[PDB]
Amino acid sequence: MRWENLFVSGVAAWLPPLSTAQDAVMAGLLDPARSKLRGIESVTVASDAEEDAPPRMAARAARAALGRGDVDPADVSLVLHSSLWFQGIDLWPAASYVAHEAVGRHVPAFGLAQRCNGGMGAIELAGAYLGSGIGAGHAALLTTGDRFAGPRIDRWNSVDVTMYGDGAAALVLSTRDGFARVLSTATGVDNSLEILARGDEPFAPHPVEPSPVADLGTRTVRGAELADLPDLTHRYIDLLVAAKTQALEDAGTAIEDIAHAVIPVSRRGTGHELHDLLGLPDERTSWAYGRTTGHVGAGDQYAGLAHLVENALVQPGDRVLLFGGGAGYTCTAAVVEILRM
């Protein structure tokens, strides 16, 4: 999709302190060979205090993002809150809390689930919503937030390809103006890969209690065996190249003109990495930053863009590729042009 009137008016991350892979190895929580393979140096870790529940971190990130774009909360017509896991209280609309605290009483709020891709996918849904004439306002607030905890989640081991960081991020879209223009979005998808995210786990009538420790690495392996596809890996490559190519082509931008690409935090550590598939070197990606935060739920792309802007790592005229991807498997990409700093 080529966007003629869609802007990022603000972006922010609210992140707790860093905790190092080194300290996890020293404490016996993380196998040292795994630490070395994956290349992740540290991950953000929140306290267990109520003030650090995901919706409250999200509400703070939202305020920061709305403050920086000087958007009147009266002009926000939609709130989307994406996440991966528990929000602190069950049977309860977390998204309405985020909206109430950051914007106000009279804005429609949805929780969104598209696993790791939720932040990027929300951009398409919100952009469509803003252009449709449903709401009178010109902005949408997009938030993410998660805080991982035992017994269910071991941040260092529950996923093979990454390590989980706690925290929240926010991105405010506008059809009026902003410091960046969204030039394009495009989604690649292959829903056959959903099997890799459940493995041989049976459908249970009730959450399993007490919670065993999650092991998504082992789901992927069992998932691959049950699916018995001859071309598993290609299905991934195809959907990722589709998202990349359409996002670039609809933005009228060649890959050599991308100043920086913000990607999901993950690492194989052996052969080809995502950056090889994207056709650009490691140092033009957000890996150097991401390997300090870990995988911050659905918010890697918002947090990474926040990092670039806050540190003047981009200037006006630069084009930035935001690259999603999450279990499903779904990947939304976007090209953003910096207009003002």
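All residue numbers refer to positions in the sequence shown, first residue = 1.
Chemist: Please compare 317-325 with 11-19 and say which has the higher mean C-alpha temperature factor in the record.
Modeler: Per the deposited B-factors, the answer is 317-325.
Chemist: Averaging the C-alpha B factors as listed in the entry, name the stretch that ends up higher: 148-156 or 183-191.
Modeler: Per the PDB entry, the higher value belongs to 183-191.
Chemist: Check the PDB entry and point out which of 215, 177, 90, 209 has the largest C-alpha temperature factor.
Modeler: Comparing C-alpha B-factors across 215, 177, 90, 209, the maximum falls on 177.
Chemist: Looking at 300, 310, 50, 31, which has the highest Cα B-factor in the entry?
Modeler: Spelled out: the listed residue with the top C-alpha B-factor is 310.
Chemist: Within this chain, which third does the Cα B-factor at residue 139 fall in: lowest, middle or highest?
Modeler: Its C-alpha B-factor belongs to the middle third of this chain's values.
Chemist: By the recorded C-alpha temperature factor, relative to the other modelled residues in its chain, which third is residue 203 in?
Modeler: Middle third - that is where residue 203 ends up once the chain's C-alpha B-factors are sorted.
Chemist: Comparing against every modelled residue in the chain, figure out the third that the C-alpha B-factor of residue 173 lands in (lowest, middle or highest).
Modeler: CA B-factor rank for residue 173: middle third.
Chemist: Consider only the C-alpha atoms of the modelled residues in this chain, order them by B-factor as the entry records it, and name the third containing residue 80: lowest, middle or highest.
Modeler: Its C-alpha B-factor belongs to the lowest third of this chain's values.
Chemist: Sorting by Cα B-factor within the chain, modelled residues only, which third would residue 253 end up in: lowest, middle or highest?
Modeler: For residue 253, whose C-alpha B-factor we compare with every modelled residue in the chain, the answer is the highest third.
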